[PDB]
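I have placed the structure first, in the form of structure tokens, so that the comments after it can refer back to it.
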Amino acid sequence: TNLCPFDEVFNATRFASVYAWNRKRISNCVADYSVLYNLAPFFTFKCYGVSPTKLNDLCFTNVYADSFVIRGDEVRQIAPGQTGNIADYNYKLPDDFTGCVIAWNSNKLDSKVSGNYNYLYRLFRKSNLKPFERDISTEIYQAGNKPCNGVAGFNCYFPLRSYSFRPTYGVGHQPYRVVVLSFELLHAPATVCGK
Amino acid sequence: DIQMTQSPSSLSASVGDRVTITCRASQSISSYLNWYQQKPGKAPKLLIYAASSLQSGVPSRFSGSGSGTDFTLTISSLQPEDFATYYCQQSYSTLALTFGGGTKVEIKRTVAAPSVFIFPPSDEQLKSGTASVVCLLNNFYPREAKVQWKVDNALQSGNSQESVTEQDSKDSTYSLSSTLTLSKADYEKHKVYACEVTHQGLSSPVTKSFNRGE
Amino acid sequence: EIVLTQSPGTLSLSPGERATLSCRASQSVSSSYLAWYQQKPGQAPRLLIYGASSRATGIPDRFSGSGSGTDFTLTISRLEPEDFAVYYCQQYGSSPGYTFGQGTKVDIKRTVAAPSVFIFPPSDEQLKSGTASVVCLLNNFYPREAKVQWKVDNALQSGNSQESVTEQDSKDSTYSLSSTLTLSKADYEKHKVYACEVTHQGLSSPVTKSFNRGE
Amino acid sequence: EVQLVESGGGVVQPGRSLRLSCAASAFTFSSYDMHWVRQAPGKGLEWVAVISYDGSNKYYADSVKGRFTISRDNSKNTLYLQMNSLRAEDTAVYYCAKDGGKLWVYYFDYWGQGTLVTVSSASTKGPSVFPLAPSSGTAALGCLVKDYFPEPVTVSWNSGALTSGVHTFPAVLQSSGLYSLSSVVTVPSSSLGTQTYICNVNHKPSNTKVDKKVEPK
Amino acid sequence: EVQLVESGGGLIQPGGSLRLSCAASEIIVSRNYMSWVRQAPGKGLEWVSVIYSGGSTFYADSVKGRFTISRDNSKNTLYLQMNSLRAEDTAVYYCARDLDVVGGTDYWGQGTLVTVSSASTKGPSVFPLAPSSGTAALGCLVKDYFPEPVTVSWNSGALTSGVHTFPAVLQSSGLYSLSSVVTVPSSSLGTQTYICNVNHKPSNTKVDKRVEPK
């Protein structure tokens with residue numbers, strides 16, 4: 001009677017950057033849906049392809065728990081069929097995404113007075129990300145005609161930037177911790193059931 | 001949220017026709033599209049769920065197709081009890097269920113030009129400090145009509161309201177009343193009051209006017 | 001969205017003085033999301049500073065920026081006559097796209113300069129078309145205020161001319177005015193002396209440049 | 001054969017509270033999800049809230065979040081909706097809908113007749129009836145029922161004897177928070193000098209009945 | 001050698017279409033944030049659209065549904081298709097590469113003018129201004145043309161110092177009129193020849209005119 005490790009994902013002390021988003025593979029457990037069952041109004045809760053009141057009555061093959069950090073103006077992109085720097089270059093959700101997204105304002109946790117430059121994001125990429133693609137490459141992005149060869153220069157920039165979360169910023173520039181729960185049902189034994 | 005767009009907003013058809021209503025979603029909603037009928041003053045009724053599945057009790061003349069963003073409700077043979085509004089509703093974002101603008105299937109008939117009437121404010125109301133000028137458009141088809149107010153040949157804007165009736169149960173026409181509300185002071189400061197009606201059944205815009213005190 | 005508001009609207013300073021151009025955002029954004037642009041007349045804007053404080057490549061040392069939150073500043077020390085332009089601040093924190101500021105116009109003062117008055121009769125290639133355009137030219141003067149009075153046989157011409165002033169020059173910071181007196185070919189021969197009176201602060205007395213038709 | 005019957009709707013001042021009910025019949029109530037969907041006068045449908053079959057799960061739309069509270073009593077087969085801090089925009093007909101349950105997502109297969117909830121800071125006011133005199137083959141004359149609250153009003157002509165050519169228009173909500181409508185009738189111009197036209201206006205909320213005689217000026 | 005050369009502006013009737021180009025050199029359009037910024041005559045700057053290296057497009061609320069930004073990697077050219085143009089769309093349109101936090105918007109195009117009007121394009125008329133009796137002055141007169149702008153240079157751009165090209169004036173005849181002058185030393189009058197180069201892209205009229213004393 002193992003319980004699905006959801007506390008380890010929501011109650012984590014440190015979250016990942018959006019470009020290197022962390023994923024916890026949860027399987028063969030009993031799902032105590034309660035972290036999402038009754039969520040307060042100050043929680044952004046959007047489910048796609050599945051109803052939350054029905055999750056206790058469904059068994060899935062695997063459930064994926066993706067967690068990372070973005071700013072408030074970018075949470076609208078963590079959704080199926082969305083475009084933008086986060087959706088295209090950091091964390092993309094498919095068009096037929098089956099699962100829920102959870103986001104809450106973490107300005108009291110991830111924002112320092114002198115700036116919290118620890119959280120990063122990808123600004124430049126040659127093409128868009130496929131759904132559930134994770135690109136941790138830090139190769140100098142070529143924006144011009146001459147090859148970079150690992151040289152930061154004109155039309156040759158480092159593809160990652162910092163967020164600089166300061167508490168005195170607006171709500172759209174404050175850090176939001178996002179947890180994306182994917183519910184997968186493939187030709188396999190269903191093991192993640194509810195109770 | 002996800003925006004559902006329904007075209008057309010209103011269509012005219014007669015009994016026996018084949019009516020097809022369109023429904024577009026701003027993003028792919030898989031096959032989770034639903035169709036609802038609602039008569040005036042009554043509750044909405046479910047027709048099609050999951051894009052195409054027919055709800056029990058609903059006649060077989062209703063059907064749905066489409067997947068992704070484009071969806072289509074089809075009535076093979078329109079019946080008299082099928083003249084109503086039809087809403088499409090997406091259920092992909094289960095925590096953000098959104099409906100469409102609806103399509104009103106009206107009874108089609110020949111074009112009928114409106115009978116324009118204009119009424120000055122009564123002397124009784126003028127003793128209370130308010131003037132109400134009424135412009136009547138009587139028994140026209142279709143519902144589309146433009147009503148402009150002119151006071152001393154000066155176009156009015158922001159002081160009038162319209163009201164339209166449902167399709168008449170005998171000739172399937174509409175009637176509209178536009179109410180221009182002025183203070184008694186502003187009413188006495190002008191002479192020529194007119195409303196200009198633009199309709200399809202009119203060769204030119206018809207203007208009905210009156211002169212205050214005549 | 002985010003609204004950007006600059007101040008002041010117009011700033012007139014002597015060469016060598018210090019300018020201070022303000023800019024503020026409706027929401028408290030990071031200092032790294034602001035940028036300043038200079039647009040001289042007839043040109044596209046060029047980047048001066050990005051990230052509020054970092055100077056672009058090839059921009060002189062006298063252009064410096066500072067500020068964070070909702071209080072950003074552009075300082076132009078050692079103002080030069082080639083700094084005559086409109087300066088915009090922009091923000092790219094409300095992605096996608098950016099939002100520009102209302103713009104601060106920077107005029108440049110100098111010493112009074114008298115205009116050089118030239119007058120041009122209408123060309124023969126033009127008189128064959130039916131119109132006759134007399135042109136008077138005021139070249140390189142300061143300040144902008146200069147009255148042009150057309151005298152046709154010592155009769156003041158009203159409702160018959162159109163003036164045109166240029167932007168401040170990038171080197172001498174003067175203006176130039178072009179008054180054009182258009183009148184028909186038939187009415188061009190009814191009169192004889194076509195003059196051009198010029199009154200300016202740099203003239204101890206109004207200066208008139210005229211000519212005679214056929215001389 | 002599935003029945004849903006609402007109650008509890010009425011007139012309420014802004015910022016006050018109101019509670020709705022929804023009696024379920026002829027189906028296993030305690031095993032289906034339940035929804036609330038509202039519809040403003042003349043507008044489309046808007047989903048409000050959902051509660052699980054056992055009532056342990058509650059979810060709300062962003063326009064009613066933290067302001068409404070949905071609950072259910074499976075021993076009484078009734079669905080509830082506690083509405084606090086009511087705004088003027090909450091003015092709508094509130095339907096309770098049963099979840100179809102066959103799909104992984106939500107869809108409403110049966111609705112209640114609906115109950116009206118009007119939010120306004122205007123007190124009950126009787127209507128003032130002013131005549132619409134005919135112009136001095138067919139003529140038009142009517143009555144103007146102006147400034148009343150709340151809805152509805154009933155207008156007859158000649159105590160019901162005259163129903164042909166009568167068009168009673170829907171009430172419009174003026175900028176003063178008071179309703180106003182017009183009722184008209186078209187008659188032959190020959191009967192203007194030989195027939196008395198009386199409109200019978202009735203407003204039960206304020207208990208105000210006004211008979212007005214329309215005559216040419 | 002970093003250029004952003006624009007082309008394709010001119011006069012277009014209201015409700016018509018026009019397509020702007022942004023030829024790029026040494027900068028690859030398909031691997032950069034490329035935007036279109038417009039500036040109404042006498043107003044500030046307005047961002048219109050952007051395209052990402054991944055292909056994502058975004059438009060401002062003032063051009064949504066009417067503009068379409070595209071590109072062609074083989075030609076390395078950014079495009080902007082404009083449909084349903086009106087009076088407000090008259091502006092000087094710029095393309096520019098966006099660097100966001102890592103450099104703002106460094107390189108800009110020279111900008112092409114889009115005039116939306118219901119008037120005919122009339123070619124200019126260039127008339128000389130011969131000098132009369134310390135230094136001397138002469139120039140050309142670019143009269144009766146529509147619409148803006150006209151580019152005037154002297155000796156194919158070889159004569160920069162001393163030239164004053166005046167702004168156009170809207171005369172009563174609906175057309176424009178523009179004066180361009182240059183002060184030159186009186187000594188090099190007969191030995192140095194002066195020619196003004198007047199170009200009118202909307203009417204496709206290029207005229208070179210000789211100026212010499214009577």
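Chain labels run A, B, ... following the order of the structure tokens; each chain numbers its residues from 1, and ligands are numbered from 1 in the order shown.
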
Closest-contact table, chain B side, partner chain D, 6 Å, counting only C-alpha atoms, as a Markdown table:
```
| residue | atom | partner | partner_atom | distance |
| --- | --- | --- | --- | --- |
| B:43 | CA | D:113 | CA | 5.2 |
| B:46 | CA | D:109 | CA | 5.2 |
| B:119 | CA | D:132 | CA | 5.9 |
| B:165 | CA | D:169 | CA | 5.8 |
```

Keeping only N, CA and C atoms, write the selected residues to a file as a compact mmCIF listing (two decimals), in the first residue's frame.
```txt
# COMPACT_ATOMS: atom_id res chain seq x y z
N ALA B 43 -35.64 25.75 -20.46
CA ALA B 43 -34.30 25.30 -20.14
C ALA B 43 -33.61 24.73 -21.38
N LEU B 46 -29.97 18.92 -24.04
CA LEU B 46 -28.80 18.34 -24.68
C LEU B 46 -29.22 17.59 -25.94
N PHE B 119 -43.90 58.68 -32.21
CA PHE B 119 -44.81 59.23 -31.22
C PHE B 119 -44.10 60.29 -30.39
N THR B 165 -39.14 42.24 -30.78
CA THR B 165 -40.01 41.13 -30.42
C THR B 165 -39.56 39.85 -31.12
```

So which residues touch range 112-119 of chain A within 7 Å, counting only C-alpha atoms, skipping near sequence neighbours fewer than 4 positions away, as an mmCIF file with N, CA and C atoms, in the first residue's frame?
```
data_model
loop_
_atom_site.group_PDB
_atom_site.id
_atom_site.type_symbol
_atom_site.label_atom_id
_atom_site.label_comp_id
_atom_site.auth_asym_id
_atom_site.auth_seq_id
_atom_site.Cartn_x
_atom_site.Cartn_y
_atom_site.Cartn_z
ATOM 1 N N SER A 17 14.482 25.094 -12.843
ATOM 2 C CA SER A 17 14.271 26.122 -13.847
ATOM 3 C C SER A 17 13.398 25.573 -14.969
ATOM 4 N N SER A 162 18.592 34.885 -16.903
ATOM 5 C CA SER A 162 18.094 34.816 -15.538
ATOM 6 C C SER A 162 16.793 35.597 -15.397
ATOM 7 N N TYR A 163 16.018 35.227 -14.379
ATOM 8 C CA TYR A 163 14.730 35.858 -14.124
ATOM 9 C C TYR A 163 14.852 37.091 -13.239
ATOM 10 N N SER A 164 15.746 37.056 -12.248
ATOM 11 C CA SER A 164 15.929 38.147 -11.288
ATOM 12 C C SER A 164 14.605 38.487 -10.595
ATOM 13 N N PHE A 165 14.189 37.571 -9.724
ATOM 14 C CA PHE A 165 12.946 37.722 -8.974
ATOM 15 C C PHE A 165 13.191 38.595 -7.747
ATOM 16 N N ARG A 166 12.668 39.822 -7.774
ATOM 17 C CA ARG A 166 12.684 40.725 -6.637
ATOM 18 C C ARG A 166 11.266 40.950 -6.125
ATOM 19 N N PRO A 167 11.064 40.930 -4.805
ATOM 20 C CA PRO A 167 9.697 41.011 -4.263
ATOM 21 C C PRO A 167 8.971 42.296 -4.617
#
```

Give me the residues of chain E that have any atom at most 6 Å from an atom of chain C; for each, the nearest atom pair and the distance in Å, rounded to one decimal. Use only C-alpha atoms, sort by chain and number, and format it as a tab-separated table.
```
residue	atom	partner	partner_atom	distance
E:103	CA	C:50	CA	5.7
E:104	CA	C:50	CA	5.4
E:106	CA	C:47	CA	5.3
E:110	CA	C:44	CA	5.9
E:129	CA	C:120	CA	5.6
E:166	CA	C:166	CA	5.8
```

Practice item. For range 27-32 of chain B, please output as an MDAnalysis selection string all residues within 10 Å (counting only C-alpha atoms; exclusion window: fewer than 6 positions along the same chain). Key: (chainID A and resid 48:49 80:82 95:97) or (chainID B and resid 1:4 49:52 65:71 89:94) or (chainID D and resid 103:107)

Saved selection, atoms kept: C-alpha atoms, as an mmCIF file, in the first residue's frame:
```
data_model
loop_
_atom_site.group_PDB
_atom_site.id
_atom_site.type_symbol
_atom_site.label_atom_id
_atom_site.label_comp_id
_atom_site.auth_asym_id
_atom_site.auth_seq_id
_atom_site.Cartn_x
_atom_site.Cartn_y
_atom_site.Cartn_z
ATOM 1 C CA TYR A 48 -7.607 19.432 -19.721
ATOM 2 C CA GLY A 49 -9.075 16.253 -21.198
ATOM 3 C CA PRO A 80 -2.307 22.927 -24.675
ATOM 4 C CA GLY A 81 -2.050 24.911 -27.890
ATOM 5 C CA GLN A 82 -0.057 27.866 -26.565
ATOM 6 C CA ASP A 95 -2.598 19.686 -28.225
ATOM 7 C CA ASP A 96 -4.357 16.584 -26.823
ATOM 8 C CA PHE A 97 -2.864 16.999 -23.343
ATOM 9 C CA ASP B 1 -10.129 30.339 -21.480
ATOM 10 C CA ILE B 2 -11.139 28.758 -24.805
ATOM 11 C CA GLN B 3 -13.328 30.876 -27.090
ATOM 12 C CA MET B 4 -16.105 29.201 -29.088
ATOM 13 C CA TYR B 49 -22.372 15.068 -26.782
ATOM 14 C CA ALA B 50 -18.778 14.136 -27.658
ATOM 15 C CA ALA B 51 -18.958 15.825 -31.086
ATOM 16 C CA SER B 52 -21.182 13.164 -32.678
ATOM 17 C CA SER B 65 -19.407 15.729 -36.930
ATOM 18 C CA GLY B 66 -15.957 17.285 -36.802
ATOM 19 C CA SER B 67 -12.894 17.097 -34.580
ATOM 20 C CA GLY B 68 -10.165 19.454 -33.461
ATOM 21 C CA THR B 69 -11.445 22.998 -33.965
ATOM 22 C CA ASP B 70 -14.273 22.788 -36.537
ATOM 23 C CA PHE B 71 -17.576 21.148 -35.598
ATOM 24 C CA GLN B 89 -20.088 23.950 -25.669
ATOM 25 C CA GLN B 90 -16.525 22.671 -25.287
ATOM 26 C CA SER B 91 -15.540 20.393 -22.407
ATOM 27 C CA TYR B 92 -11.807 19.957 -23.027
ATOM 28 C CA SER B 93 -10.895 22.438 -20.277
ATOM 29 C CA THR B 94 -13.102 20.708 -17.727
ATOM 30 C CA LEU D 103 -17.609 10.854 -20.569
ATOM 31 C CA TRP D 104 -14.243 11.533 -18.977
ATOM 32 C CA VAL D 105 -15.239 15.223 -19.108
ATOM 33 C CA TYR D 106 -18.278 17.225 -17.986
ATOM 34 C CA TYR D 107 -21.467 17.554 -20.008
#
```

Practice item. Using only C-alpha atoms, determine which residues of chain A fall within 12 Å of chain B; present them as a list in words. Key: residues 44, 45, 46, 47, 48, 49, 50, 51, 52, 53, 54, 76, 77, 79, 80, 81, 82, 83, 94, 95, 96, 97, 98, 99, 100, 101 and 102 of chain A

Check your understanding: Quick one: which residues from chain A are at most 8 Å off chain E, using only C-alpha atoms, as JSON, numbers by chain?
Key -> {"A": [83, 84, 88, 124, 125, 126, 127, 128, 142, 143, 144, 145, 155, 157]}

Check your understanding: Which residues in range 91-197 of chain E does DSSP call strand (DSSP E or B)? List them as a PyMOL selection string.
Key -> chain E and resi 91-98+100+104+108+112-116+122+125-129+136-146+151-154+163-165+169-170+176-184+194-197

Point to revise | Residue nearest chain D - candidates A:65, A:123, A:185, A:58, atoms counted: only C-alpha atoms | key: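 Using only C-alpha atoms, chain D sits closest to A:58.
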
Point to revise | range 203-215 of chain D surroundings by only C-alpha atoms, 10 Å radius, close-in-sequence under 4 positions cut, as a ChimeraX atom specification | key: /D:123-134,141-145,148-159,192-193,195-199

Keeping N, CA and C atoms, export the residues of the selection given above as a JSON list (two decimals), in the first residue's frame.
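Wrote it out as part35.json, contents follow:
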```
[["chain", "number", "residue", "atom", "x", "y", "z"],
["D", 123, "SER", "N", -35.47, 50.00, -5.17],
["D", 123, "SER", "CA", -36.61, 49.51, -4.41],
["D", 123, "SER", "C", -37.83, 49.36, -5.31],
["D", 124, "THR", "N", -38.82, 48.61, -4.81],
["D", 124, "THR", "CA", -40.03, 48.33, -5.58],
["D", 124, "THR", "C", -40.75, 49.63, -5.92],
["D", 125, "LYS", "N", -40.99, 49.84, -7.21],
["D", 125, "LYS", "CA", -41.59, 51.08, -7.70],
["D", 125, "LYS", "C", -42.66, 50.75, -8.73],
["D", 126, "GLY", "N", -43.84, 51.35, -8.58],
["D", 126, "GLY", "CA", -44.92, 51.17, -9.52],
["D", 126, "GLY", "C", -44.69, 51.93, -10.81],
["D", 127, "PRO", "N", -45.31, 51.48, -11.89],
["D", 127, "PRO", "CA", -45.08, 52.09, -13.20],
["D", 127, "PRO", "C", -46.00, 53.26, -13.49],
["D", 128, "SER", "N", -45.49, 54.17, -14.32],
["D", 128, "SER", "CA", -46.25, 55.31, -14.82],
["D", 128, "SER", "C", -46.57, 55.06, -16.29],
["D", 129, "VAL", "N", -47.85, 55.12, -16.63],
["D", 129, "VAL", "CA", -48.32, 54.79, -17.97],
["D", 129, "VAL", "C", -48.65, 56.09, -18.70],
["D", 130, "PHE", "N", -47.98, 56.32, -19.83],
["D", 130, "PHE", "CA", -48.23, 57.48, -20.67],
["D", 130, "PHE", "C", -48.70, 57.02, -22.04],
["D", 131, "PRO", "N", -49.67, 57.71, -22.64],
["D", 131, "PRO", "CA", -50.22, 57.26, -23.92],
["D", 131, "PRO", "C", -49.34, 57.62, -25.10],
["D", 132, "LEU", "N", -49.41, 56.78, -26.13],
["D", 132, "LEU", "CA", -48.77, 57.03, -27.42],
["D", 132, "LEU", "C", -49.89, 57.34, -28.41],
["D", 133, "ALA", "N", -50.15, 58.63, -28.61],
["D", 133, "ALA", "CA", -51.30, 59.03, -29.41],
["D", 133, "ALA", "C", -51.04, 58.77, -30.89],
["D", 134, "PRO", "N", -52.05, 58.36, -31.64],
["D", 134, "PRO", "CA", -51.86, 58.14, -33.08],
["D", 134, "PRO", "C", -51.66, 59.44, -33.84],
["D", 141, "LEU", "N", -51.09, 53.10, -32.29],
["D", 141, "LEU", "CA", -51.22, 53.75, -30.99],
["D", 141, "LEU", "C", -50.84, 52.75, -29.91],
["D", 142, "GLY", "N", -50.39, 53.26, -28.77],
["D", 142, "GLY", "CA", -49.95, 52.38, -27.72],
["D", 142, "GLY", "C", -49.79, 53.07, -26.39],
["D", 143, "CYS", "N", -49.22, 52.34, -25.44],
["D", 143, "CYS", "CA", -48.94, 52.83, -24.10],
["D", 143, "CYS", "C", -47.45, 52.69, -23.81],
["D", 144, "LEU", "N", -46.94, 53.56, -22.94],
["D", 144, "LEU", "CA", -45.54, 53.54, -22.53],
["D", 144, "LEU", "C", -45.48, 53.31, -21.02],
["D", 145, "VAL", "N", -45.12, 52.09, -20.63],
["D", 145, "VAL", "CA", -44.96, 51.74, -19.22],
["D", 145, "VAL", "C", -43.52, 52.06, -18.83],
["D", 148, "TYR", "N", -40.34, 51.24, -13.62],
["D", 148, "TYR", "CA", -40.86, 50.32, -12.63],
["D", 148, "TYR", "C", -39.78, 49.33, -12.25],
["D", 149, "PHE", "N", -39.97, 48.70, -11.09],
["D", 149, "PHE", "CA", -39.04, 47.70, -10.58],
["D", 149, "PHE", "C", -39.75, 46.86, -9.52],
["D", 150, "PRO", "N", -39.63, 45.52, -9.59],
["D", 150, "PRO", "CA", -38.92, 44.83, -10.66],
["D", 150, "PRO", "C", -39.87, 44.34, -11.75],
["D", 151, "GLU", "N", -39.38, 43.46, -12.61],
["D", 151, "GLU", "CA", -40.22, 42.84, -13.61],
["D", 151, "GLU", "C", -41.14, 41.81, -12.95],
["D", 152, "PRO", "N", -42.23, 41.41, -13.62],
["D", 152, "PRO", "CA", -42.71, 41.87, -14.92],
["D", 152, "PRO", "C", -43.94, 42.78, -14.85],
["D", 153, "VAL", "N", -44.43, 43.17, -16.02],
["D", 153, "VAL", "CA", -45.70, 43.87, -16.15],
["D", 153, "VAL", "C", -46.52, 43.17, -17.22],
["D", 154, "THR", "N", -47.84, 43.28, -17.10],
["D", 154, "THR", "CA", -48.77, 42.70, -18.06],
["D", 154, "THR", "C", -49.66, 43.80, -18.62],
["D", 155, "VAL", "N", -49.74, 43.88, -19.94],
["D", 155, "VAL", "CA", -50.52, 44.90, -20.63],
["D", 155, "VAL", "C", -51.54, 44.19, -21.51],
["D", 156, "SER", "N", -52.82, 44.50, -21.31],
["D", 156, "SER", "CA", -53.89, 44.08, -22.19],
["D", 156, "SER", "C", -54.52, 45.31, -22.83],
["D", 157, "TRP", "N", -55.38, 45.07, -23.82],
["D", 157, "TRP", "CA", -56.05, 46.15, -24.53],
["D", 157, "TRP", "C", -57.55, 45.92, -24.53],
["D", 158, "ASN", "N", -58.31, 46.94, -24.13],
["D", 158, "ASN", "CA", -59.76, 46.87, -24.00],
["D", 158, "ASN", "C", -60.18, 45.69, -23.12],
["D", 159, "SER", "N", -59.43, 45.49, -22.03],
["D", 159, "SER", "CA", -59.66, 44.39, -21.08],
["D", 159, "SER", "C", -59.57, 43.03, -21.75],
["D", 192, "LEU", "N", -60.50, 55.56, -35.39],
["D", 192, "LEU", "CA", -59.87, 56.42, -34.40],
["D", 192, "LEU", "C", -60.88, 57.37, -33.76],
["D", 193, "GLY", "N", -61.84, 57.86, -34.54],
["D", 193, "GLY", "CA", -62.87, 58.74, -34.03],
["D", 193, "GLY", "C", -64.13, 58.05, -33.56],
["D", 195, "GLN", "N", -63.89, 54.65, -31.83],
["D", 195, "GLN", "CA", -63.56, 53.54, -30.94],
["D", 195, "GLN", "C", -62.64, 54.03, -29.83],
["D", 196, "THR", "N", -62.91, 53.59, -28.61],
["D", 196, "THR", "CA", -62.08, 53.91, -27.46],
["D", 196, "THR", "C", -61.05, 52.81, -27.24],
["D", 197, "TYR", "N", -59.77, 53.19, -27.20],
["D", 197, "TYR", "CA", -58.67, 52.25, -27.00],
["D", 197, "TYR", "C", -58.09, 52.46, -25.61],
["D", 198, "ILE", "N", -58.22, 51.44, -24.76],
["D", 198, "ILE", "CA", -57.77, 51.51, -23.37],
["D", 198, "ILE", "C", -56.78, 50.38, -23.13],
["D", 199, "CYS", "N", -55.58, 50.72, -22.68],
["D", 199, "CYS", "CA", -54.58, 49.73, -22.30],
["D", 199, "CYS", "C", -54.67, 49.48, -20.80]]
```

Exercise for review: Excluding residue 190 in chain C and residues on its chain fewer than 5 positions from it, collect all residues at most 12 Å away from it, counting only C-alpha atoms, and give them as a list in words.
Suggested key: residues 152, 153, 183, 184, 185 and 213 of chain C

Output N, CA and C atoms of each residue in that selection to a file, as a PDB file, in the first residue's frame.
```
ATOM      1  N   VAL C 152       4.723  93.120 -52.884  1.00  0.00           N
ATOM      2  CA  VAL C 152       4.571  93.151 -54.334  1.00  0.00           C
ATOM      3  C   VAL C 152       4.179  94.577 -54.699  1.00  0.00           C
ATOM      4  N   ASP C 153       5.137  95.334 -55.241  1.00  0.00           N
ATOM      5  CA  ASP C 153       4.989  96.778 -55.435  1.00  0.00           C
ATOM      6  C   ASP C 153       4.661  97.470 -54.111  1.00  0.00           C
ATOM      7  N   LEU C 183       1.301  82.520 -57.482  1.00  0.00           N
ATOM      8  CA  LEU C 183       0.243  83.316 -58.084  1.00  0.00           C
ATOM      9  C   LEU C 183       0.258  83.079 -59.588  1.00  0.00           C
ATOM     10  N   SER C 184      -0.900  83.278 -60.213  1.00  0.00           N
ATOM     11  CA  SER C 184      -1.082  82.912 -61.610  1.00  0.00           C
ATOM     12  C   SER C 184      -0.128  83.690 -62.514  1.00  0.00           C
ATOM     13  N   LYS C 185       0.035  83.184 -63.741  1.00  0.00           N
ATOM     14  CA  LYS C 185       0.895  83.856 -64.711  1.00  0.00           C
ATOM     15  C   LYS C 185       0.302  85.191 -65.143  1.00  0.00           C
ATOM     16  N   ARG C 213      10.959  92.450 -62.682  1.00  0.00           N
ATOM     17  CA  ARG C 213      10.593  91.499 -63.724  1.00  0.00           C
ATOM     18  C   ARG C 213      11.201  91.943 -65.048  1.00  0.00           C
TER      19      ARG C 213
END
```

Exercise for review: Enumerate the residues of range 71-140 of chain B with a DSSP assignment of helix (DSSP H, G or I), computed from the backbone, and present them as a ChimeraX atom specification.
Suggested key: /B:80-82,123-126

Residues from last step as file, C-alpha atoms, as a short mmCIF file (atom, residue, chain, number, x, y, z; two decimals), in the first residue's frame:
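Okay, this is what ended up in out36.cif:
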```cif
data_model
loop_
_atom_site.label_atom_id
_atom_site.label_comp_id
_atom_site.auth_asym_id
_atom_site.auth_seq_id
_atom_site.Cartn_x
_atom_site.Cartn_y
_atom_site.Cartn_z
CA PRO B 80 -41.51 23.07 -36.70
CA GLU B 81 -40.41 22.16 -33.16
CA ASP B 82 -36.78 22.70 -34.24
CA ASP B 123 -48.09 66.17 -22.13
CA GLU B 124 -48.52 64.10 -18.96
CA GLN B 125 -44.91 62.91 -19.00
CA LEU B 126 -43.60 66.40 -19.82
#
```

Considering only C-alpha atoms, tabulate each residue of chain C that lies at most 8 Å from chain A along with its nearest interatomic pair and the corresponding distance in Å to one decimal; arrange the rows by chain and ascending residue number and present them as JSON lines.
```
{"residue": "C:27", "atom": "CA", "partner": "A:170", "partner_atom": "CA", "distance": 5.8}
{"residue": "C:28", "atom": "CA", "partner": "A:169", "partner_atom": "CA", "distance": 4.8}
{"residue": "C:29", "atom": "CA", "partner": "A:169", "partner_atom": "CA", "distance": 5.5}
{"residue": "C:30", "atom": "CA", "partner": "A:169", "partner_atom": "CA", "distance": 6.9}
{"residue": "C:69", "atom": "CA", "partner": "A:169", "partner_atom": "CA", "distance": 6.8}
{"residue": "C:94", "atom": "CA", "partner": "A:73", "partner_atom": "CA", "distance": 7.9}
{"residue": "C:96", "atom": "CA", "partner": "A:84", "partner_atom": "CA", "distance": 7.5}
```
